[PDB]
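Numbered according to the authors' numbering, the sequence shown spans residues 4 to 125, 127 to 261.
Yeah, the Cβ is synthetic: ideal placement off N, Cα and C, and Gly gets one too.
For reference, the structure is listed below as structure tokens.
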Amino acid sequence: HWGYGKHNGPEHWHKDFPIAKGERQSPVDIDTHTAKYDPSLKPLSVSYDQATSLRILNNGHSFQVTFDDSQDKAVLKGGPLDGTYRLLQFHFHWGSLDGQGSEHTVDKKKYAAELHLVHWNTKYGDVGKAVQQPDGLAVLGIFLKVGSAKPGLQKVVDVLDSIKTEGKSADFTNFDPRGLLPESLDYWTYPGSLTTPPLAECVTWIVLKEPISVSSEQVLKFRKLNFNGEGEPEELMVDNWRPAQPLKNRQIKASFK
Ligand SMILES: NS(=O)(=O)c1ccc(NS(=O)(=O)CCNC(=O)Nc2ccc(F)cc2)cc1
Ligand SMILES: [Zn+2]
Numbered sequence: 004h005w006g007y008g009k010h011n012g013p014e015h016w017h018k019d020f021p022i023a024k025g026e027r028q029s030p031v032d033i034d035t036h037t038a039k040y041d042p043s044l045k046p047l048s049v050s051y052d053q054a055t056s057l058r059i060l061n062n063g064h065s066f067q068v069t070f071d072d073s074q075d076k077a078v079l080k081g082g083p084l085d086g087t088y089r090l091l092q093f094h095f096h097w098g099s100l101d102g103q104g105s106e107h108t109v110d111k112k113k114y115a116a117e118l119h120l121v122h123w124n125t127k128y129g130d131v132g133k134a135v136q137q138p139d140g141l142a143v144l145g146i147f148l149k150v151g152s153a154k155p156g157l158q159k160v161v162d163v164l165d166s167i168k169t170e171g172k173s174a175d176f177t178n179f180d181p182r183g184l185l186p187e188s189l190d191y192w193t194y195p196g197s198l199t200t201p202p203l204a205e206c207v208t209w210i211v212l213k214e215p216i217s218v219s220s221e222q223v224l225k226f227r228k229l230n231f232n233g234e235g236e237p238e239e240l241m242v243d244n245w246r247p248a249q250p251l252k253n254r255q256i257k258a259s260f261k
């Protein structure tokens with residue numbers, strides 16, 4: 004099916020998922036001179052103290068760490084959000100070179116990678133129902149630039165060689181996602197979509213202003229992963245990012261002036 008290649012990449016997705024040309028697709032370029040400070044936005048509440056990570060998985064388009072969302076353990080609230088959203092998983096998008104890899108861009112600037120912490124609105129009962137609602141998910145997006153190592157990322161980096169190929173998974177319990185956050189929770193927000201198929205328009209995007217720094221050795225280990233499954237031709241998992249989509253009738257708001 005779909006992927007990031009010449010013949011199955013983002014320019015092809017609309018044939019199976021016509022919402023790819025919809026009115027609130029993600030990612031988008033964040034024009035910092037057009038985003039408006041919104042004083043009515045409240046601070047984000049990231050309550051990850053009780054997070055219970057479960058497994059880490061190569062799904063053939065990225066790697067993800069999953070969490071127990073059967074109860075309010077790791078939740079996102081506040082900011083633009085109404086009610087409570089449970090953390091389900093996080094994954095990344097990254098490039099073949101340090102000058103590309105993020106999905107969102109800031110004044111057309113591309114970061115080396117982008118972290119997505121995926122949360123779903125508990127009023128819809130389960131994530132499958134939430135995906136069918138315009139306010140069903142909230143994804144917290146964090147940019148990665150190459151510089152100093154990120155100590156809270158190293159334990160993810162350490163296990164990637166055990167999930168090199170599509171379909172492999174590993175135990176990944178007792179991981180603390182707070183170690184992936186920057187200092188500031190200043191953010192931009194806009195209504196958008198999943199950035200991979202089915203591209204459902206169900207996401208409140210919350211993109212942090214402050215990137216985290218990761219070392220060249222850490223991002224190099226992202227780039228050793230494979231899109232392919234074991235025993236089939238090796239295609240390095242790089243450049244698994246969708247480019248910026250038309251903003252159309254949308255306003256990006258900033259929590260900071
Ligand atoms: N790149 S991004 O925008 O951050 C992003 C974030 C998440 C996704 N995909 S997801 O699978 O996790 C969507 C939510 N999970 C489910 O819906 N599962 C499900 C359960 C029961 C059903 F009956 C049907 C489906 C894609 C892109
Ligand atoms: Zn993503």
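Check                                                                                                          : Outcome
Beta-carbon spacing of residue 59, residue 150 below 9 angstroms                                               : no
Contact test: residue 65 Cβ vs ligand 2 heavy atom, cutoff 8 angstroms                                         : yes
Environment of residue 72 [buried if 16+ CB atoms lie within 10 Å]                                             : buried
Heavy atom of ligand 1 within 8 angstroms of residue 249 beta-carbon                                           : no
Opening and closing residue of the alpha helix (DSSP H) in which residue 168 lies                              : Note, residue 168: premise wrong, no alpha helix (DSSP H); not H, not E.
Classification of residue 236 by the beta-carbon crowding that lies within 10 angstroms, buried from 16 upward : exposed
4 or more residues per run - each alpha helix (DSSP H) lying fully within the segment 161-226                  : 220-226
Secondary structure of residue 125, DSSP reduced to three states                                               : helix
Residue span of the alpha helix (DSSP H) that contains residue 54, given as start and end                      : Careful: residue 54 lies outside any alpha helix (DSSP H) and carries neither H nor E.
Through-space distance from residue 30 to residue 103, alpha-carbon basis                                      : 14 angstroms
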